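Let me begin by presenting the structure, written as structure tokens, before commenting on it.
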Amino acid sequence: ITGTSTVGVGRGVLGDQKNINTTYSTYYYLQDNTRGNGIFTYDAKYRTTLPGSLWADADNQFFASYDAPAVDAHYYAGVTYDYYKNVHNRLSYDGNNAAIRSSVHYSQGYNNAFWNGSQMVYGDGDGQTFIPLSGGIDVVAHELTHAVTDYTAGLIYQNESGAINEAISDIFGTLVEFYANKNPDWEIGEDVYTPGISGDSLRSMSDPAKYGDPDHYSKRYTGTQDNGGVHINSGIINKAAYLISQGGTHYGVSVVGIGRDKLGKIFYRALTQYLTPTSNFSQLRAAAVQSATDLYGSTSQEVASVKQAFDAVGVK
Ligand SMILES: [Ca+2]
Ligand SMILES: [Ca+2]
Ligand SMILES: [Ca+2]
Ligand SMILES: [Ca+2]
Ligand SMILES: [Zn+2]
């Protein structure tokens with residue numbers, strides 16, 4: 001909408017207060033004009049029609065329970081935009097400052113979030129399996145990263161290419177969580193998953209097997225559930241990424257860690273220069289090796305660590 005840029009205040013899903021960029025024109029709208037061609041947050045009103053209505057508020061204060069998912073979707077989309085711009089020199093998901101759109105209050109009791117090809121969509125959860133999923137910065141960044149992938153490598157959402165697609169979203173979701181630097185970890189979705197159970201999460205990158213996911217290529221799933229295991233086999237790549245950054249010895253193979261910033265540089269370059277819609281795990285290894293070679297040199301520790309990490313997870 002046309003209006004003037006304003007700054008509202010509200011509370012997110014986890015009860016924390018934050019400022020949000022809004023737009024005033026009769027109402028205050030969840031429209032942040034400070035980033036690219038805008039960040040826009042919509043109310044889906046418990047229905048499944050998308051996007052719903054651009055979020056309108058009479059007083060620029062967003063402290064109602066109903067407001068909390070919208071506050072966080074809007075704010076964490078801004079953090080994710082900032083990460084891609086400041087760290088990777090990428091302007092929004094398309095590299096040309098496309099408007100970022102999210103809808104909250106999607107459906108009833110909806111235990112998921114997704115990118116629908118055009119926008120982010122967040123369920124509220126059923127209150128037992130999840131609370132509203134936009135409360136997780138890693139979840140928000142996971143979703144926006146699907147848009148980045150779709151505009152760049154274009155990894156098809158099934159089998160190995162789809163597991164790479166998923167791992168890219170978990171990797172960058174985690175790197176955005178570390179960028180914001182509030183309780184960062186190598187777990188996925190811990191802030192919004194199972195409010196009645198402490199210490200769990202959807203997935204673990206440091207130890208995928210904790211939540212049943214493979215941590216070695218010999219344990220990959222090749223059935224048909226979950227688009228050929230895209231959220232399952234992602235564990236093999238998530239583990240490799242964790243090892244590149246943090247190091248460790250896994251199935252007897254030792255990896256010297258090189259840190260998160262270099263992990264992100266290597267995988268961002270692989271995603272945007274070398275991967276294609278059909279890349280498999282072996283081709284990801286080759287893309288990561290080439291990316292590290294470009295950035296750090298063929299004799300570098302960084303290249304050596306990429307090779308050891310993929311060796312450790314059984315990907316040649
Ligand atoms: Ca209000
Ligand atoms: Ca965390
Ligand atoms: Ca996390
Ligand atoms: Ca929990
Ligand atoms: Zn995903």
Side-chain angles (χ1 to χ4, degrees), residues 12-16 18 72-73 75-77 79-80 83 93 102 106 110-123 125 130-181 183-195 197-208 211 213 221 226-239 241-242 245-246 260 263-264 267 271 275 277:
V13 174
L14 278 63
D16 54 323
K18 58 201 74 184
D72 280 344
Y75 183 94
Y76 294 142
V79 178
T80 303
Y83 170 82
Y93 53 90
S102 305
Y106 177 79
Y110 193 80
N111 290 320
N112 216 338
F114 58 100
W115 171 262
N116 80 340
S118 308
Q119 63 164 106
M120 291 177 283
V121 184
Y122 300 92
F130 280 103
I131 66 178
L133 281 81
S134 60
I137 189 176
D138 51 2
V139 173
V140 170
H142 177 114
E143 306 310 340
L144 193 51
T145 296
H146 278 306
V148 175
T149 293
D150 291 354
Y151 270 89
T152 62
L155 293 155
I156 298 160
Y157 203 65
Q158 64 175 357
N159 304 335
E160 287 189 17
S161 60
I164 300 166
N165 182 317
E166 270 303 306
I168 289 289
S169 277
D170 285 343
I171 291 162
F172 291 107
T174 290
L175 296 175
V176 172
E177 184 173 306
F178 273 94
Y179 175 81
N181 202 24
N183 302 314
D185 51 55
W186 293 89
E187 305 292 293
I188 307 299
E190 69 284 346
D191 289 338
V192 294
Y193 186 62
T194 57
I197 304 170
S198 61
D200 63 347
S201 64
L202 300 185
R203 291 176 287 277
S204 171
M205 303 182 66
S206 58
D207 182 15
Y211 304 109
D213 297 322
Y221 176 75
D226 183 36
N227 293 118
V230 301
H231 299 91
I232 298 171
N233 293 327
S234 58
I236 293 156
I237 304 311
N238 283 346
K239 182 76 195 193
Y242 172 81
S245 181
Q246 303 302 110
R260 289 178 313 266
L263 171 69
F267 274 68
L271 181 68
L275 295 175

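Counting starts at 1 for both ligands and their atoms, in listed order. We use all heavy atoms of the structure for the numbers below, so side chains are in, but hydrogens, waters and symmetry mates are not. Numbering of residues begins at 1 and proceeds along the displayed sequence.
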So, 3.0 Å as the limit: is an N/O/S atom of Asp191 located closer than that to the Ca ion (ligand 3)? no
Is it the case that the ring center of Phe178 lies less than 6.0 angstrom away from the ring center of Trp186? yes
Check for me whether the distance between the ring centres of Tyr110 and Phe130 falls short of 6.0 Å.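 For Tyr110 and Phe130, the ring centres are not under 6.0 Å apart.
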Identity of the N, O or S atom of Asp138 lying closest to the Ca ion (ligand 3): OD2
Output the atom name for the N/O/S atom of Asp185 with the smallest distance to the Ca ion (ligand 3). OD1
Proximal heteroatom of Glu190 relative to the Ca ion (ligand 2) (N/O/S):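 Restricting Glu190 to its N, O and S atoms, the minimum distance to the Ca ion (ligand 2) goes to OE2.
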Residue pair [X] / [Y], side-chain heavy-atom distance below 4.5 Å:
X	Y	value
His146	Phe172	no
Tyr122	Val140	yes
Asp185	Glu190	yes
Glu143	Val139	yes

Nearest 10°: the angle subtended at the Zn ion (ligand 5) by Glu166 OE2 and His146 NE2?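 With the Zn ion (ligand 5) as the vertex, the angle is close to 100°.
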Could you tell me the angle subtended at the Ca ion (ligand 3) by O of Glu187 and OE1 of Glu177, rounded to 10°? 150°
So does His142 have any N/O/S atom less than 2.8 Å away from the Zn ion (ligand 5)?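 Yes - counting backbone and side chain alike, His142 has an N, O or S atom under 2.8 Å.
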